[PDB]
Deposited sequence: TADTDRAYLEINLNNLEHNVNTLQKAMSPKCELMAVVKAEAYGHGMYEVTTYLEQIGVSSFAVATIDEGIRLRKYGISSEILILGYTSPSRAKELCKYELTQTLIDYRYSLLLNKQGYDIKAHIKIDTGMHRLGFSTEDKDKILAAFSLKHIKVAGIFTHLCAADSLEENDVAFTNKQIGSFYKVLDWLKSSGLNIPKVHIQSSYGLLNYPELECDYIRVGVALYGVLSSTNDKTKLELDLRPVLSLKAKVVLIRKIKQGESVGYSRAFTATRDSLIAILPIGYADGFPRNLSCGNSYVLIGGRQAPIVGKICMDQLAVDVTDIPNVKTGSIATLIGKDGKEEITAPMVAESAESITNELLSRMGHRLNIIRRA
């Protein structure tokens, strides 16, 4: 029904496994804050978060207030951190929906407080990224943010720039961020302040800097069982299992003669008489065009032929037995002994895993496995 054309399959057993692996890898006092922004990295925000809350995960991060509001509507009662700027004009909603707001700088905190609504917040410290956050130099402003009447600071955090790299430049830069971050905490304590919940790590924060002990780890990619690049060399090597697979049903099969093409592409000319299968998936569904690469059918590799179109693409099934309309093609996922992983696809599309997954088309039905 949802499985007639193209669809995403999410393996909740794999997600559940990942949650447990991640939790086990963390310090006992550290909690999993599941990053579910942009439709849970394309995995489906309702599907993922309701299930996560159901198996014990009790902390979430989203990009925007509307994301966070969606979660509340879904029934999510765990705490939720909005990672981005929310306009102060929506302070009543931060209050009503009990959404935890990131304080991006002192001015913003001031304007947010001025709105007059009691709001839970985490303060972001810019430790080198130079996007959002209070600077490590402006310690009086950071401290001042703790004495705002309507702003209940429940946490303090930063974001690492190059935790996914073991290059000495990136290591020194990562340590510099970690170091200046804890110097902020030292300074605050020196001024009598009690430190709230601390978080520093994303996925590669855990993977390459497991010696860190914070109150949460913000897990995105690792939670979904994928790596950012194919075969990375992390300190930890966790048994993470891919949650997402992408499938499409063959809708038509045709013969083309030797010397013919598909879509009249300069790139493809049949070297023999060939059998072509049509799959109802294209770039509008988030399968990248510049892969104009194979799919798996019957555990076999069927090369994509011709350019990828908006709503469909073609594959060569000449060498593959028992292919008919209704046969399931695997664009991302396992098929018997063969596997096409998300990072593999991202890589050949000259992209990273995060972009490929988070840009899965809204048109794709999502179903449980």
property: Ranges missing from the model, given as deposited sequence positions; result: 1, 294-296, 374
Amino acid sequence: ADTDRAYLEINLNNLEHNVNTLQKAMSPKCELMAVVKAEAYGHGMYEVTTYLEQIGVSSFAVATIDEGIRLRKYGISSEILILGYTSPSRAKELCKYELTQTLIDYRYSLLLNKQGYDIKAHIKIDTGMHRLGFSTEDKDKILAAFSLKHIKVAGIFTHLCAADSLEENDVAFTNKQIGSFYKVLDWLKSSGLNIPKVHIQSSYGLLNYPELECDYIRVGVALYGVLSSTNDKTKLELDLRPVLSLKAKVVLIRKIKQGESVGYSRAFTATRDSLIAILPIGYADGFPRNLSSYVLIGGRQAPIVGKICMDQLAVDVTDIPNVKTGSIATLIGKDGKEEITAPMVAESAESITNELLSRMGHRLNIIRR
From here on, numbers count along this sequence of modelled residues.
property	result
Stretch with the higher entry mean CA B-factor, where the candidates are 331-339 and 296-304	331-339
Of 108-116 and 263-271, the stretch whose C-alpha atoms average the higher B-factor in the entry	263-271
Criterion, highest CA B-factor; candidates, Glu213, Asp170, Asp285, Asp126	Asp170
Which of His122, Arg254, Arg72, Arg241 ranks first by CA B-factor in the deposited coordinates	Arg241
Within-chain third of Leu81 by Cα B-factor, per the entry	lowest
Within-chain third of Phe181 by Cα B-factor, per the entry	lowest
Within-chain third of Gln101 by Cα B-factor, per the entry	lowest
Among modelled residues of the same chain, the CA temperature factor third for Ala349	highest
Entry-reported Cα temperature factor of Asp319, expressed as the chain third it lands in	highest
